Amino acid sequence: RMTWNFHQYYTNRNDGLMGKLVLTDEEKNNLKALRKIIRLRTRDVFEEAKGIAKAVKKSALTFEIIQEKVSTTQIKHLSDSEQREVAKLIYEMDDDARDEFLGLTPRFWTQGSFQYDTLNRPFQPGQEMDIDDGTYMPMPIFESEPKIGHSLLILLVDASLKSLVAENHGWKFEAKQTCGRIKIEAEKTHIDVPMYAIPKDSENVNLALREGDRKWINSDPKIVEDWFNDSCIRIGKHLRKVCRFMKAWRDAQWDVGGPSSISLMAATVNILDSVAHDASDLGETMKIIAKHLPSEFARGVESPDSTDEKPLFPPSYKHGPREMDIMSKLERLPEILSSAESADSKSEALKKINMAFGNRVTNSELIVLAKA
């Protein structure tokens, strides 16, 4: 009953997979420095725009003079039509709207894998690590439209990010449906900035959407943060590790694409909550996760936010080529792991398990002969 054991292959912080995935302190500090840069500029742009609104409260300035004031701020890094729109929105505000804007100071909170500590070093060329830093606009509760304006809020956050891109060589701006993004290719890094409306201080946490039908959706990122932290407490310290490993698998199997990180987390928590496993052998634990993921994904992976009816990964009847590919690779994973376990030699064991996680771990002495 001889096997190969991979517990150190997975967990070793020198040169096992944890060692290869976890950011160095310098890398983490660089991301925190990037976050601060964005936060300070967003703060500044809002103070600048408020200064113009303050002037208009004092005196009903002409549109031309408001434009001139806009053009001397960071908003100058938007397009001509975008600057005109900002000036027009400030010109068009009634007294109550203007007073609400003059009271607005954006707040910030990091979400995603930087926040709950599952951010992996990227693997393939082109792949990037990111930090997701949300900007929050405290304002009165609204049903349909806020008393400051979706359009103005997005223009000002865009102005912030674009002003930074203009000042930093090798930085590039990208608009997404749920965020503005600064990409820094040479640093294999981007920062995503989702924007939320919240009350002036979960049902009233509203994510801004860039294009389409709905300008807002109720999506409180703290629901996911709290669910995952609670899950780590409930299941144990290995949950963060196996979530990292499943994301590393995804990065190795797909250059571009694959299932979302949050779908992997949700399915893995469901499996570990409901299936016996042993944290002293994370090789066996990974095999157990891999055996059960196909069924989790085939039925559709539900969001931990119960108010979100949209699945994190759709059920089988809604699959196209991409979802079919994901199912195929999920089905292959337990077979890869099983073959690695019974390989003829340590070097073949390493070669095989690296077909799941990529050729990152090279130290075959992390794999030891065992019985199972």
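Here, rigid core means the biggest group of C-alpha atoms that superpose within 1.5 Å across both forms. All residue numbers are counted from 1 along the displayed sequence.
Participant: Do the Cα atoms of 29 to 37 stray more than those of 52 to 60 in 6 other deposited structures of this protein, or is it the other way round, with the core held fixed?
Facilitator: After the core superposition, the stretch with higher RMS deviation in 6 other deposited structures of this protein is 52 to 60.
Participant: On a core superposition, give the stretch, 38 to 46 or 310 to 318, with the larger average C-alpha separation from this form in 6 other deposited structures of this protein (RMS over structures and residues).
Facilitator: Result of the core-fitted comparison in 6 other deposited structures of this protein: 310 to 318 deviates more.
Participant: Coordinates for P122 lacking in at least a third of the other PDB entries compared?
Facilitator: It is not, since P122 is included in all of the other entries that model both flanking stretches.
Participant: Does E143 have no coordinates in at least a third of the other PDB entries examined?
Facilitator: Other entries vs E143: at least a third skip it.
Participant: Does the entry skip any residues of the deposited sequence between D201 and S202, and if so, is it 1 to 3, 4 to 9, or 10 or more, or none at all?
Facilitator: Missing residues, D201 to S202: 10 or more.
Participant: Out of 22 to 30 and 53 to 61, which one has CA B-factors that are higher on average in the deposited record?
Facilitator: Of 53 to 61 and 22 to 30, the stretch with the higher C-alpha B-factor average is 22 to 30.
Participant: State which stretch shows the higher mean Cα B factor in the entry: 307 to 315 or 343 to 351.
Facilitator: The recorded data point to 307 to 315.
Participant: Going by the entry, which of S71, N270, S260, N120 has the most elevated CA B factor?
Facilitator: The record points to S71.
Participant: Report the option among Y116, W109, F245, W227 whose CA atom has the maximum B-factor in the deposited record.
Facilitator: In the PDB entry, the greatest C-alpha B-factor among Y116, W109, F245, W227 is found at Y116.
Participant: Where does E185 sit by CA temperature factor within its chain: lowest, middle or highest third?
Facilitator: Highest third - that is where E185 ends up once the chain's C-alpha B-factors are sorted.
Participant: Could you place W171 in the lowest, middle or highest third of its chain by Cα temperature factor, using the values in the record?
Facilitator: Its C-alpha B-factor belongs to the highest third of this chain's values.
Participant: Sorting by Cα B-factor within the chain, modelled residues only, which third would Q177 end up in: lowest, middle or highest?
Facilitator: Top third by C-alpha B-factor.
Participant: Just say lowest, middle or highest third for the CA B-factor of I288 relative to the other modelled residues in its chain.
Facilitator: Tercile = lowest for this residue's CA B-factor.
Participant: Going by the CA temperature factor in the PDB record, which third of the chain does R234 belong to: lowest, middle or highest?
Facilitator: Ranked within chain, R234 CA B lands in the middle tercile.
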